[PDB]
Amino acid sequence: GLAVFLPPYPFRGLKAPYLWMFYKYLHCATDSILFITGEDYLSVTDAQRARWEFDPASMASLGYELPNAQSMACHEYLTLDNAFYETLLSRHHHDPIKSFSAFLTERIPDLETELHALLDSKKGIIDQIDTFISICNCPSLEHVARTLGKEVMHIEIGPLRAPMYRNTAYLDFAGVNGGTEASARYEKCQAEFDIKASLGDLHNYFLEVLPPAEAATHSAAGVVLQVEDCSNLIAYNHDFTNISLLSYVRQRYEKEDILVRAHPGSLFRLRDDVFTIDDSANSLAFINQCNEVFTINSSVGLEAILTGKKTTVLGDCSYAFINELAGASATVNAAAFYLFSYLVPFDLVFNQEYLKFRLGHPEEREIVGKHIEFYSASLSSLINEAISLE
């Protein structure tokens, strides 16, 4: 059985922050699941149905329906208490973002004590768990898992998303976004890797539309801004922020040569009278008119690499190791492995059968084969003609 960990702590000021993954697992569930979460994940259906998770375009794009009493009663629930969250805040001077960073990057002994108490609250629970699944890093939970002998798959929506791309997801046994294992997996297959496809072929395989035509007018430098309170910008950012990213670029380019694109999910937008503000319908059309791209650790960085743009990546993230290679050919090879073996087809990370497949730690070849099979209806060879056939 899966034990899916969906923390209810509203670090960013919003109840049931990870509600979409709750609804996705419930909808795809083929077995009884053990949810470790908050009661907020169960009520909210009662007066804020103006949230994006309830939007029909959200549901169609992510492929889930809303649950009912029957759908939810099929599973088991362990609910965390809010009193620990209140205590956590005061231990970080009442800063919820700081507390969020601690949650992501430090063991919290009181939380380990509660998780142990909950897992033990009913006998047989622990022995039925085949793996934990967590939507974010959590050293409290990971310490608990070591003690009980259980693995932890970290899982999230990936850097390529619909409608521009095939939906992808992350699945990492060590950590998602921060502390990933993508680099280590690649360096063991670097020996026998020679992708014959070009970078554009790789990009086109995952694009649902054709890449944009030439922009005609370009800007020397593009700046990707991100969501200010995403785990990427508060814990994995090497201390960089949007404004210091801007400053970093201003050490190199005049104002006239900087094109800035705010994140559509951010609470803030750029004012007009300072920089040239991108207005493209999507980040690829913005990338298309820049000579080089600057980011902390936004998904758009991978788009920039996949289109052959010089990219600066200031924070920690899953694809950074690709940007640290010196050549276009090493880049293609690393990129192919990242797209076809590290990234998972979105629906599969919610497929209990596929999760048990990965819990057996199969060879990379087997991993790439399963993904190519889903995308379609030697590891270099599989990819090589997978691109050609497509």
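Don't overthink the numbering: it's just position in the shown sequence, from 1.
Enquirer: Count, per the entry, the deposited residues between residue 377 and residue 378 that are not modelled, and return the matching class: none, 1 to 3, 4 to 9, or 10 or more.
Expert: In the record, 10 or more residues between residue 377 and residue 378 lack coordinates.
Enquirer: Gap size between residue 46 and residue 47, counting deposited residues with no coordinates: none, 1 to 3, 4 to 9, or 10 or more?
Expert: In the deposited sequence, 1 to 3 residues between these two have no coordinates.
Enquirer: Could you check which stretch, 295-303 or 187-195, carries the larger mean CA temperature factor in the entry?
Expert: It is 187-195.
Enquirer: Mean C-alpha B factor from the entry: is it higher for 149-157 or for 254-262?
Expert: Averaging CA B-factors over each stretch, the winner is 254-262.
Enquirer: For the C-alpha B-factor as written in the entry, point me to the maximum among 349, 36, 60, 334.
Expert: Top of the list by C-alpha B-factor: 60.
Enquirer: Which has the highest CA B-factor per the PDB entry: 243, 74, 118, 207?
Expert: Result of the comparison over 243, 74, 118, 207: 74.
Enquirer: Taking the values exactly as deposited, rank residue 114 by C-alpha B-factor within its chain and report the matching third: lowest, middle or highest.
Expert: Its C-alpha B-factor, which the entry lists for residue 114, ranks in the middle third among residues of this chain.
Enquirer: For residue 92, does the deposited CA B-factor place it in the lowest, middle or highest third of the chain?
Expert: For residue 92, whose C-alpha B-factor we compare with every modelled residue in the chain, the answer is the middle third.
Enquirer: Considering every modelled residue of the chain and its Cα B-factor in the PDB entry, is residue 128 in the lowest, middle or highest third?
Expert: Highest third - that is where residue 128 ends up once the chain's C-alpha B-factors are sorted.
Enquirer: What third of its chain's C-alpha B-factors does residue 104 belong to: lowest, middle or highest?
Expert: For residue 104, the deposited C-alpha B-factor lands in the lowest third.
Enquirer: Quick check on the deposited entry: does the C-alpha B-factor of residue 233 sit in the lowest, middle or highest third of its chain?
Expert: Lowest third - that is where residue 233 ends up once the chain's C-alpha B-factors are sorted.
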